[PDB]
Asker: 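Please read through the structure below; I'll follow up with questions.
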Amino acid sequence: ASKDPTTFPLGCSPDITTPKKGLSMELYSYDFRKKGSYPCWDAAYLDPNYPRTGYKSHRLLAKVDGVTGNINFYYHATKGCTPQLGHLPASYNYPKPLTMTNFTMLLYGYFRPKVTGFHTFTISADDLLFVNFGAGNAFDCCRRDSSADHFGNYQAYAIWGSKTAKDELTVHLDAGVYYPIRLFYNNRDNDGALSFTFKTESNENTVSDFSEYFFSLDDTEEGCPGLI
Ligand SMILES: OC[C@H]1O[C@@H](O[C@@H]2[C@@H](O)[C@@H](O)O[C@H](CO)[C@H]2O)[C@H](O)[C@@H](O)[C@H]1O
Ligand SMILES: [Ca+2]
């Protein structure tokens, strides 16, 4: 598993144990700066090591399993520079309020395609969504705990305030293979939004519901490298 982003990512072949539905999620706090700061929001989220080590210094809010379905959301704040409560969609399996104006979220697991061929994932975010995809690039097959912090350059990323807060990733995938995926999200202030969808060459359907696509696999002693 090379770490570089590629159009032909490497996947994984789990053994006997049934993959579990959904991704894992970790939620962390992301404070504003002190009252009166200009701007009110902290730019820590754009430190190059924020998605790797920096987020870990912040308060851990939750770690949940089973995140699947439609993971898209749009949180409307009533004003900026203010921590405001909200809720993630039911898909996130987290039924507590959080400061939806200002938080960090990590999702990881595997993407299992239904078709063999080119997939184009489209992402957008307010404020930030960084995507790694493929063995090595995201993490190693059934060896996530050992490789989790060694993800490579992003396959796709979106940052609000850029020319477009939108990006795409086009990758050729094999049906029924399990591809490591890592989604890293932040809201710095005010509204928050995440959109993650895809299309394939097989038809003109847009997938927004990942119920049959996102899975979690236990790490194993020997890992589970792609056998196809
Ligand atoms: O529009 C979403 C965007 O809002 C940002 O807050 C903005 C701020 O950048 C500036 O334009 O002022 C307005 C109102 O005073 C405020 O909406 C926020 O920092 C971003 O993260 C986005 O949510
Ligand atoms: Ca925002």
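Remember, it's 1-based here, ligands and their atoms both numbered in the order they're listed. What you see below is based on every heavy atom in this structure, not just the backbone, and it leaves out hydrogens, waters and symmetry mates. Counting from 1, the numbers follow the sequence of the chain as shown.
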Asker: Does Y108 have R182 sitting over its ring (NZ/CZ under 6.0 Å from centre, angle to axis within 45°)?
Answerer: no
Asker: Write down the atom of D140, the atom of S147, and the distance for their closest heavy-atom approach.
Answerer: N-OG, 2.8 Å
Asker: Can you sort out which atoms of ligand 1 are near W41, meaning under 4.0 Å from one of its heavy atoms?
Answerer: 19 (O)
Asker: At distances under 3.0 Å, what protein N, O or S atoms surround the Ca ion (ligand 2)?
Answerer: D126 OD1, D127 OD2, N187 OD1, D189 O, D191 O
Asker: Using links of under 4.5 Å between side-chain heavy atoms of ILVMFWY residues, direct or through other members, which residues join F8 in one cluster?
Answerer: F118
Asker: Look at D218 together with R144 and state whether they make a salt bridge at an N to O cut-off of under 4.0 Å.
Answerer: no
Asker: By the definition salt bridge (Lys or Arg N to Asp or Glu O under 4.0 Å), identify the one residue from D31, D127, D42, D126 that meets it with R188.
Answerer: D127
Asker: Starting from atom 2 (C) of ligand 1, locate the nearest protein heavy atom and write down its residue, its atom name and how far away it is, to 0.1 Å.
Answerer: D126 OD2, 3.4 Å
Asker: Looking at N203, I'd like to know if its CG atom is crowded, meaning that more than 12 non-hydrogen atoms belonging to other residues, nucleotides or ligands lie closer than 6.0 Å.
Answerer: yes
Asker: Establish whether atom 11 (O) of ligand 1 and some protein heavy atom are separated by less than 4.0 angstrom.
Answerer: no
Asker: How far is atom 9 (O) of ligand 1 from its nearest protein heavy atom, and which residue and atom name does that atom have?
Answerer: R188 NH2, 4.0 Å
Asker: Considering both backbone and side-chain atoms of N187, is one of its nitrogen or oxygen atoms within less than 3.5 Å of a nitrogen or oxygen in ligand 1?
Answerer: no
Asker: Given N190, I159, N102, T101, which one has a non-hydrogen atom that is nearest to atom 7 (C) of ligand 1?
Answerer: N190
Asker: Applying the ring pair (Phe, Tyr, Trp, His ring centres under 6.0 Å) test to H58, which of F103, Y30, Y45, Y28 qualifies?
Answerer: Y30
Asker: Relative to each other, are the rings of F198 and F210 parallel, tilted or perpendicular (30° and 60° limits)?
Answerer: tilted
Asker: Any N/O of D191 closer than 3.5 Å to an N/O of ligand 1?
Answerer: yes
Asker: Check each atom of ligand 1 against the heavy atoms of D127 and keep those under 4.0 Å away; list them by number with element.
Answerer: 20 (C), 21 (O)
Asker: Any protein heavy atom under 4.0 Å from atom 20 (C) of ligand 1?
Answerer: yes
Asker: Answer yes or no on whether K20 is positioned over the face of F215, meaning its NZ or CZ is under 6.0 Å from the six-membered ring centre and within 45° of the axis.
Answerer: no
Asker: For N70 and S91, what are the C-alpha separation, side-chain angles and deciding distance, and is it a side chain to side chain donor-acceptor pair (under 3.5 Å)?
Answerer: CA-CA 6 Å; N70 183 320; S91 51; 5.9 Å; no
Asker: Do me a favour and list the nearest non-hydrogen protein atom to atom 8 (C) of ligand 1 with residue, atom name and distance?
Answerer: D189 OD2, 4.8 Å
Asker: What is the closest protein heavy atom to atom 1 (O) of ligand 1, and at what distance does it sit?
Answerer: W160 CZ2, 3.6 Å
Asker: Under 2.5 Å between the SG atoms of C141 and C12: is that the case?
Answerer: yes
